[PDB]
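In structure tokens, one chain follows: the form deposited without the RNA.
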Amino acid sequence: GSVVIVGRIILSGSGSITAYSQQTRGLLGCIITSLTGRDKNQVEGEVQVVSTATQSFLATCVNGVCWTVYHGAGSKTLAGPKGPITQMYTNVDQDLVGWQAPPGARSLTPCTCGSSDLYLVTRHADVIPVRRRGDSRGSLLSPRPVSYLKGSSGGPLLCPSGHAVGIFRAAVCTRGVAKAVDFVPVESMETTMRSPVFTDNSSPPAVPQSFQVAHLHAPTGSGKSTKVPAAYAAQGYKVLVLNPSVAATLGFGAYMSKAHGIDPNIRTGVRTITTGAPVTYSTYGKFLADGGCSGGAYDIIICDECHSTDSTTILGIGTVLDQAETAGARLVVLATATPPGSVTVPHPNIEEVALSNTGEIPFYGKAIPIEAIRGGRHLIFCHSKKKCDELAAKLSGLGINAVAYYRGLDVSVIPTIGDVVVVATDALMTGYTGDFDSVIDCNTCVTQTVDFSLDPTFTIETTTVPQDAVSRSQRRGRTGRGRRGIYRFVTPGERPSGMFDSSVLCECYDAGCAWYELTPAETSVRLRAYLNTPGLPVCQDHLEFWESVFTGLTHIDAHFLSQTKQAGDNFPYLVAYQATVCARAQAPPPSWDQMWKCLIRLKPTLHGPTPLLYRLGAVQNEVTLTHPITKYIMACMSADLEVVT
């Protein structure tokens, strides 16, 4: 659906800067208009209140373009008088998108006076004084709870003359209290408008004389992982290809041997082969385990699937970006079919059929026709293992060959020949390479998000959420490979791609500490290189914060860590660290959930309140906050933390 204008904030044209709202449509009008994308309402003023189905924020017209934040609007169209208006500009790096302003809208114009005295206009038509502190930052004269700024993303910062200085995008907070604001400066918008609207990154980059980072955006099946490195090698270059999937990596190796007649080096935890060839396929995980870039080893490093937002890929790519030039590489290629801001479009081979309630098998509130999976080989994506186990069972007793696949299981449980219905989490994507007669998609994913909850420190929350465009296209791509395919779905849309949560940075420090012998300072260097690089997935910059947390977690119990590592669940370092503090106090873990299984054998000797460090799940035991590590982390919570509004 489209973003819809539901009101405006009218600004005074003389005297002191003041504002007032005008609400132009209600909930029903908004939803209808979002669906058609056709909005016949008169548009007035320059600051628009806009809404999607779920959120509301602001959009500001400057120089004839209606601007707002990517984190709010994603790549969505804007409902307009002649139908949906497509974005003219989408800049995920800057968190800024623009639509050509619909007729009737007035525009603000850039400030010429250079004043440092700014005024932020909120969705409630408050006018808030802000002292400019740098290109994109300003301090609030009166700090306010961050809730006060929520839904004001996309609103203008004005100079005392009422001209545009920039567009509000995030609040910098000290323990939930906004002390400063982050905004996209107007000169970035001016530059955008002077620059091309259309760009092409589909051709393999030429190898420059000196180090460059380049992007390769090219369709699945275009040969990014195979054809491209083989060509570079044919030209005399040494090439490293990094991929998030062990199965894919091992597969590229076999394919190159039997096709281009070269047996590449292969580097994975399960299988490492040195052939001396000028091409090496590695996982990001094994590359990190190997210590990153070997001096003089490669001319070209291709970071394959560079849109991937798992912590291993991010840490791996940050490592390449920080080390490649010094290691003597000439080219880093950031390769993906789905770069930030990309959206899924129709595929010639794949018919997409919405599920209905007519069907013999209940599926995520809808139903699957038993006749749709009866003959053949099929893939059903579920959000969880528990759901895979259930739906499988509803098939082993209902008379069908069906197996569940998810993290922890061996790939051979999936038959490669014979009729089958595979029921899997996204773990499939990196464990198994094959394709299917059809794909059925629940259209939801499990994700982790950090909450700076101060109770006492932070919480990592696990929730099920609607899939993003990357998820949709990757799940859908498991069918229609070279031959006719069918994609059935529960919900039609997709969340915007190219963004990831601060909890993922937490996971990077955790892996640095648990697996790769990286000090948190070293981890920060690698993650900074990633964050400093345009065209990659984006995230809030919480590096100093996470570094400070892990820096204090010293003298972990080596045995507990060895166990959490092998068990393969998330946050092995944070888990083993909480277990260490508990064991040393002879205190019970936060609960007896399986997360805490390394303590189970000690159960009869653990008593009293848990010295709680942070929250990674439900806490059922009574807690104490007196432990020095708890106090240390609480102190860490005082850091400036930028959060979107």
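Throughout, we count residues from 1 along the sequence that is shown. Rigid core (definition): largest C-alpha set, two forms, superposition within 1.5 Å.
What comes next is about the form deposited with the RNA bound, which is not displayed.
K.L.:
Identify which of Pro219, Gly568, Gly114, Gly434 has a heavy atom within 4.5 Å of the RNA in the bound PDB entry; exactly one of them does.
P.N.:
Of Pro219, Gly568, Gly114, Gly434, the residue with a heavy atom within 4.5 Å of the RNA in the bound PDB entry is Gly568.
K.L.:
In the bound PDB entry, which of the listed residues (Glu325, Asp419, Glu522, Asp310) lies with a heavy atom within 4.5 Å of the RNA?
P.N.:
By the 4.5 Å criterion, the partner-contacting residue is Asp310.
K.L.:
Within 4.5 Å of the RNA in the bound PDB entry, counting heavy atoms only, one of 262-270, 316-324, 94-102, 73-81 shows up; tell me which.
P.N.:
Contact-bearing stretch, as computed: 262-270.
K.L.:
Taking heavy atoms only, is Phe489 within 4.5 angstroms of the RNA in the bound PDB entry?
P.N.:
Residue-level check for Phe489: no, no contact with the RNA.
K.L.:
In the bound PDB entry, does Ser497 come within 4.5 Å of the RNA, counting heavy atoms only?
P.N.:
Outside the cut-off, so no.
K.L.:
Closest heavy atom of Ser342 to the RNA in the bound PDB entry, within 4.5 Å or not?
P.N.:
The answer is no: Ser342 has no heavy atom within 4.5 Å of the RNA.
K.L.:
Counting only non-hydrogen atoms and a 4.5 angstroms cut-off, does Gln448 reach the RNA in the bound PDB entry?
P.N.:
Yes.
K.L.:
In the bound PDB entry, do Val246, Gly285 and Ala427 all put a heavy atom within 4.5 Å of the RNA?
P.N.:
Contact check passed for all of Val246, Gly285 and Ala427.
K.L.:
Any residue of 579-610 with a heavy atom within 4.5 Å of the RNA in the bound PDB entry counts; write them all down in order.
P.N.:
Not one residue comes within 4.5 Å of the partner.
K.L.:
Which of these moves by 2 angstroms or more at the C-alpha between the shown form and the other one, core superposed: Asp557, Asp117, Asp419, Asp569?
P.N.:
So the residue whose C-alpha moves 2 Å or more is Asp419.
K.L.:
Taking the rigid core as the reference frame, is the Cα of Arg484 displaced by 2 Å or more between the shown form and the other one?
P.N.:
Result for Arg484: yes, a 2 Å-plus shift.
K.L.:
Once the two forms are fit on the core, has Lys82 moved its CA by at least 2 Å between the shown form and the other one?
P.N.:
Moves: no, less than 2 Å.
K.L.:
Rigid core aligned, does the Cα position of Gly376 differ by 2 Å or more between the shown form and the other one?
P.N.:
Yes: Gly376 shifts by at least 2 Å between the shown form and the other one.
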